[PDB]
Amino acid sequence: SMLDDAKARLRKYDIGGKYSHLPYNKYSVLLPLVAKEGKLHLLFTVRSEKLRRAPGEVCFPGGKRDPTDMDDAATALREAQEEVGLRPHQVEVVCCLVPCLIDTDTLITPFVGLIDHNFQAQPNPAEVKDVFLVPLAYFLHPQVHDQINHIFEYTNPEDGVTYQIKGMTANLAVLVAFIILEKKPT
Ligand SMILES: O=C(Cc1cccc(O)c1)Nc1cccnc1
């Protein structure tokens, strides 16, 4: 099946807890996979204008680890719940992908999660301005604009709204697309 095939692919890239105890400032993100219309999608947030860091940017749900978190996956799930109402029974964490080093003192750990088909996002407007899906296959043939660094522009065909996706968020989306979609029979 599509979902069993995706999970099987993802597990081959799982680094697990290998880098998780290193003494960094620690953040986790959830890369949330949603199956709709017979295809996989990633769920993204647009950060609120209220926020201090990166107002109005597209990013995955996530945030800073706190003392309550049993592990880095827990960070991702707690933050996703706060941001978009995703409850833990609604997500299966499949793997931990390569962490992202930034600012010399920070390590961001990405987890891929399969999202239940009955989840409906409840954007928390103190943190999130918008929530939207992009088909995973888009990231194989993105619409690129150079700002010099590469920016993806995705237009939602449901409503014509264009979102800009860039940086770590864009990079991780392409990684997941490669992992899941490469070398597949039609
Ligand atoms: O803050 C995060 C996680 C994160 C950590 C590092 C980098 C990044 O792009 C994203 N996610 C969030 C926060 C508020 C609203 N929507 C998404």
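Count begins at 1; order follows the chain as displayed.
Determination method: X-ray crystallography, 1.6 Å.
Backbone N, Cα and C define each Cβ position, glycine as well.
If you check Swiss-Prot, you get these features:
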BINDING   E79, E83  Mg(2+) binding site
MOD_RES   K7  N6-succinyllysine
MOTIF     64-85  motif 'Nudix box'
SITE      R53  site 'Important for coenzyme A binding'
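Taking the features listed in Swiss-Prot, we show where each one sits on the structure.
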| residue | record | Cβ within 10 Å |
| --- | --- | --- |
| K7 | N6-succinyllysine | 17 |
| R53 | site 'Important for coenzyme A binding' | 7 |
| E79 | Mg(2+) binding site | 24 |
| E83 | Mg(2+) binding site | 25 |
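On a Cα basis, the residue listed as 'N6-succinyllysine' lies 25 Å away from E83 (Mg(2+) binding site). Of the deposited chain, 10 residues are missing between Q147 and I148, and the straight-line Cα distance between those two residues is 5 Å. According to DSSP, the residue listed as 'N6-succinyllysine' sits within a helical segment. Checking the recorded positions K7, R53, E83 against ligand 1 with a 6 Å cutoff on the Cβ atom leaves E83, in sequence order. On the backbone, the CA of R53 (site 'Important for coenzyme A binding') and the CA of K7 (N6-succinyllysine) stand 33 Å apart. The DSSP breakdown of the motif 'Nudix box' (64-85), given as helix, strand and coil counts, is 13 helix, 1 strand, 8 coil.
In this structure, the CA atom of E79 (Mg(2+) binding site) is 23 Å away from the CA atom of the residue listed as 'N6-succinyllysine'.
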